[PDB]
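Alright, two takes on the same chain below, each alone as structure tokens: structure 1 and structure 2.
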Structure 1
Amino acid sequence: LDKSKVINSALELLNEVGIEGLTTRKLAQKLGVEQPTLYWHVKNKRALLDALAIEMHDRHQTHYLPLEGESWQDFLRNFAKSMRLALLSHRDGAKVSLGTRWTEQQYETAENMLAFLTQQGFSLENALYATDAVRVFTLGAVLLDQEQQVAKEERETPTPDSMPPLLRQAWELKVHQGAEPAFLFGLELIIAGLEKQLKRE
């Protein structure tokens, strides 16, 4: 009947059945309680996903708050990288986090994040869209990689010899790129744009 045991079991079930197979019914079953028992901790699948996402980001310490002396640039880098590693620590992590939003218990943290960026000279709007850009990019990079790896198993492999010369060279790079370098390339573009943006402002 403990929140913590509910969440630990649910994380285990996530890894066993993935996000699409997860239900409150199967969690009640794995826990051995009557639906209304579970209901009081987790009212529906959506609330279960929301709780799972809070737990993942908490336990992997997604970097929501800047350290003293941390530049805004490094702060956004650390936020992205730590979020990414939190998402990659659980089956369908990115999918679980895709639908989340700040809970009331997180409003102080969220406010402090925006306060930090606006203290650097970003407008509220720009601080907001910066954080959102880093979030959606990070989600997109993880989700695209995951799905590309499934998809290439359900389709004939491409034939390199059929590729015209630039594309062939492109193909060869991407064979070797790795997920983390793709992610970091985009991340750095975003940070560099924000710097330019902050100067102009």
Structure 2
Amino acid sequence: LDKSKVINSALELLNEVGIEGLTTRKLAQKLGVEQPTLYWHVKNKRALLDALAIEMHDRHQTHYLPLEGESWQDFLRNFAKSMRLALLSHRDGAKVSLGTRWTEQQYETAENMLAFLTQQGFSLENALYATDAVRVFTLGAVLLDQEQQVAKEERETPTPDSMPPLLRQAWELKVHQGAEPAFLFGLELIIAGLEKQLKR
């Protein structure tokens, strides 16, 4: 039993039962091993969630650092876009990420992210709030997305015809578009707000 086997098995389990269903007990049972053997790999549900989130961001290369020559705008754009995929990678992927924080091992990454932004002329405070603005919007979009998927299968489906015109057009927009353009537009609002902030 190696860590990577635990995590891969845990991710399949997350798909099977979702975040609320997930327990070390079930992961032990899935792995075909005893409780105490698993414990050294993951001591409790929280550690299990932490490791799952590390794996998802790692596997889908969430873009925490700028590439050479990348503007700060493109950087934030790619942080959001890649984080979005990573969270979408798995059932309740956003809920699993929601509670994480930088590990010690990622402190250098975390510091480079802030240094990069402060080198553009942002104060530290603004660089933080910029980072969180994008994280929060991205977590929120996908939490909204993943929850509505589930809520849809649990209530009457609404009639287009009962809806007033502007509401009905907005319903239509979303089926014409899917979720991607709404997310891109929100993301641009933040960048453009950030651009004004950076002038001041």
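For clarity, a rigid core is taken as the largest C-alpha set superposing within 1.5 Å between two forms. For numbering, take structure 1's sequence and count from 1.
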### Task
Would you mind telling me which residue of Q61, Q29, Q148, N44 shifts its Cα by 2 Å or more between structures 1 and 2 when the core is superposed?
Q148
### Query
Does the distance between the two CA positions of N15 reach 2 Å or more between structures 1 and 2, the core being superposed?
no
### Message
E172: after superposing the rigid core, is there a C-alpha shift of 2 Å or more between structures 1 and 2?
### Response
yes
### Task
Could you check how much the CA of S162 shifts between structures 1 and 2 after a rigid core fit, in angstrom?
4.5
### Task
Enter the rigid core superposed C-alpha shift of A182 between structures 1 and 2, rounded to one decimal in Å.
1.1
### Query
What Cα shift, in Å, does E70 show between structures 1 and 2 once the core is superposed?
0.1
